[PDB]
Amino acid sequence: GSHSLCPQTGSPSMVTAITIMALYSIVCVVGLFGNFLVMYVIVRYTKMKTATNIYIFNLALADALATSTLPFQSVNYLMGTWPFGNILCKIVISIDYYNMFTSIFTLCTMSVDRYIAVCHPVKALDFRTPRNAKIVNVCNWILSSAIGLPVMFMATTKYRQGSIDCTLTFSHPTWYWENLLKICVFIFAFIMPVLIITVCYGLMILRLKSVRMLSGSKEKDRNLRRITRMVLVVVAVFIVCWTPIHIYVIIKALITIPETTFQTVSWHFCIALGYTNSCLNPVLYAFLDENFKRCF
């Protein structure tokens, strides 16, 4: 089974290799800068005293670690080979899976947190504490470990037509456990998060549209337009950034596709789109947060 090593036979052209290179470089730089800026502002100014800032910092840390794997992936694409050895293969793959799930589970938590605030305001008094935010981050990390730890054992370098593939090795039969992993990744990293955020935000908007305030209906319609607009943005960004690579992985598990320039370029673009979610999360969840905005 191929993983990082892409069957590229038919050496790349000039414009495509530069494009894929600029892709990995730009997403990495933007992702690292935006998330380190969030972590700096939190550590320097806001101080992480609130549940919201505890979630924001956890999201920025995961998003920074996710994009920190891109220099390895770029070089792996350039040379058409993994040159960093067996230990770094285990470390980068584990970090990559750990922080895909940590990033995604944290932004799901922020959706559930806002749903609880609106639809269960009494229970929100118990849930929205800094103590519970740290507990939730730990529980989400334990859940992420169900895949992040096994891939540390499964990941290894093996020879593949002279070149080196940093890939995963599975128990027997490989065709069962490899596809189970792909399915579990698809449902825990994409299907479940899309369901959580659409239902939580949808129920949040429905509750906000049901209030009738005897006086200022204009002020209510205005806030509802802004909240509904933000809901549509954060959901559309998640779907645009994560759907392509998840569907691409499933299709390659089912059929064999003709190795062409368009397939190669689209594959790395879909990979890059997944990491662009880590680039946009600082905007959606930190710089546009109501309290974080004020502290700039």
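We number the residues from 1 along the sequence you see.
S.K.: Mind pulling up the entry and telling me whether 132 to 140 or 165 to 173 has the higher mean Cα temperature factor?
M.R.: The stretch with the larger average C-alpha B-factor is 165 to 173.
S.K.: Tell me which of 50 to 58 and 261 to 269 has the higher mean C-alpha B-factor in the deposited entry.
M.R.: So the stretch with the higher mean C-alpha B-factor is 261 to 269.
S.K.: Out of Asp96, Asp113, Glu219, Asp126, whose C-alpha atom has the biggest B factor in the entry?
M.R.: The C-alpha B-factor peaks, among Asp96, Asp113, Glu219, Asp126, at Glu219.
S.K.: Specify which of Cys119, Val199, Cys108, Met79 carries the largest Cα B factor in the deposited PDB entry.
M.R.: Of the candidates given, the C-alpha B-factor peaks at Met79.
S.K.: Mind checking which third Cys184 falls in for C-alpha B-factor across the chain?
M.R.: Tercile = middle for this residue's CA B-factor.
S.K.: Ranked by Cα temperature factor within the chain, is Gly148 in the lowest third, the middle third or the highest third?
M.R.: Ranked within chain, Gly148 CA B lands in the middle tercile.
S.K.: Split into thirds by Cα B-factor across the chain's modelled residues, where does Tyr40 land: lowest, middle or highest?
M.R.: For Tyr40, whose C-alpha B-factor we compare with every modelled residue in the chain, the answer is the middle third.
S.K.: Going by the CA temperature factor in the PDB record, which third of the chain does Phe190 belong to: lowest, middle or highest?
M.R.: It belongs to the lowest third of the chain when residues are ordered by C-alpha B-factor.
S.K.: Against its chain's modelled residues, does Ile255's Cα B factor rank lowest, middle or highest third?
M.R.: It falls in the top third of the chain.
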